[PDB]
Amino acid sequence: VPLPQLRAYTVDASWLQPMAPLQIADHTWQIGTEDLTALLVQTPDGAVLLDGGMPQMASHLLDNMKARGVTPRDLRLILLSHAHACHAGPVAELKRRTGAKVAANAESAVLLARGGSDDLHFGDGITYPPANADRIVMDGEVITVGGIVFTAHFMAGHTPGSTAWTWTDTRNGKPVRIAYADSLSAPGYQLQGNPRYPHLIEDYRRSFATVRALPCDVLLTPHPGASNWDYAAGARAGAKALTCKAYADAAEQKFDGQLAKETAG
């Protein structure tokens, strides 16, 4: 009886299906894959990347940036929703290949630095190349790049360091408040009496409320399907996109269902 072979983080093909840049607002573009969000915000003072998707997505991201007129040197900042392999995957490589520095909260920083290992729920099941944060941010802290202001909103649950980022762009000669809210799922998590996360339920409850109150004209999520985006649909990608309020409400209802099932017995 040999030990099991290691398994890589294999995923649905659509998570790895490359797409051309899709314009969300005047300065904001979806540059990831059909089923994983990676947002490029272009400012007069360099570019900002929010999430990168999977580890093998680095070169694709760089190719899309080039199409947008962004050189590796132009990329100044990487922000993250949470430090799982399907969102922070290519961060280490992007840091080696670009001028980009990472800003994240302490919880996301520590998970990123250990490459997603010793996950509270997944253990070492979903690892990726580790990276160091260049700046630690606090809840409500702002970062300004080229007159565009990004605000962090902590929403602990999916991971302890789960974060929503908000900024104001423009579209059709009008300000548009963009909310990139993190995942609110608890996929296979032990919810009550979890020794690794004693206040998990309380944190999720606060996070549902936080997501509801976000400045949110346009909502996007790390997994686009969670906010009902269809990136493959092009110009009508966000035709049926959920609001922050509807997103949180659906998430809490799922959560409540899971909590009920767990209580038996």
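All residue numbers are counted from 1 along the displayed sequence.
Tell me which stretch, 53-61 or 40-48, has the higher mean Cα B-factor listed in the entry. That would be 40-48.
Taking only the CA atoms, which stretch has the higher mean B-factor in the record, 104-112 or 70-78? Mean C-alpha B-factor is greater for 70-78.
Return the residue from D169, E93, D119, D134 that has the highest Cα B-factor in the entry. That would be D169, according to the entry.
Ranking the modelled residues of this chain by C-alpha B-factor as given in the entry, is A83 in the lowest, middle or highest third? Lowest third, going by the recorded CA B-factors of the chain.
State the tercile, meaning the lowest, middle or highest third, of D217 with respect to the CA B-factors recorded for its chain. Tercile = highest for this residue's CA B-factor.
Can you tell me whether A235 has a C-alpha B-factor in the lowest, middle or highest third compared with the other modelled residues of the same chain? It belongs to the highest third of the chain when residues are ordered by C-alpha B-factor.
In terms of the chain's CA B-factor thirds, is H199 lowest, middle or highest? Answer is lowest: the recorded C-alpha B-factor places it there.
Chain-relative CA temperature factor third for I143: It belongs to the middle third of the chain when residues are ordered by C-alpha B-factor.
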